[PDB]
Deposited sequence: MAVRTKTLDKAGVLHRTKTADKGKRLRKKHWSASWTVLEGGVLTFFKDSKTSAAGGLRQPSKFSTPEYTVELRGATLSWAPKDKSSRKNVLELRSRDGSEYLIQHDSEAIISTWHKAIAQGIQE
């Protein structure tokens, strides 16, 4: 199983340590071999501008859930918590797009 595309995301915790504020950005995002990789902060169109990996999240032992209204005002926000205690929010306004990532990441956890 693999997935690739541009998604909106922000880290929210670094191994259990909460970030002070949100840093929403669009980035190239890749799910491959049970690892989700978010590329660096940036619509984002040309592959020559997609930059390089910033964050990697192993899906083994992770949890994925819909974020509560208190966590974000954005539409279709998912919260991904890795086993090491890092946390990320992922979202896209398009149901079509957020759905494909929800499926891939949820199924990938397994």
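Where C-alpha coordinates are absent, the deposited sequence of this PDB chain has the segments 1-7, 50-55, 124.
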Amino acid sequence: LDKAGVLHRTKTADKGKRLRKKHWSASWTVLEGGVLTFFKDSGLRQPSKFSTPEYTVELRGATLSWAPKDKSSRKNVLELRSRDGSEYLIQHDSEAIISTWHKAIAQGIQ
From here on, numbers count along this sequence of modelled residues.
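Set 50-58 against 66-74 and average the Cα temperature factors; 66-74 ends up higher. When 16-24 is weighed against 95-103, 16-24 comes out higher, by mean CA B-factor as recorded in the entry.
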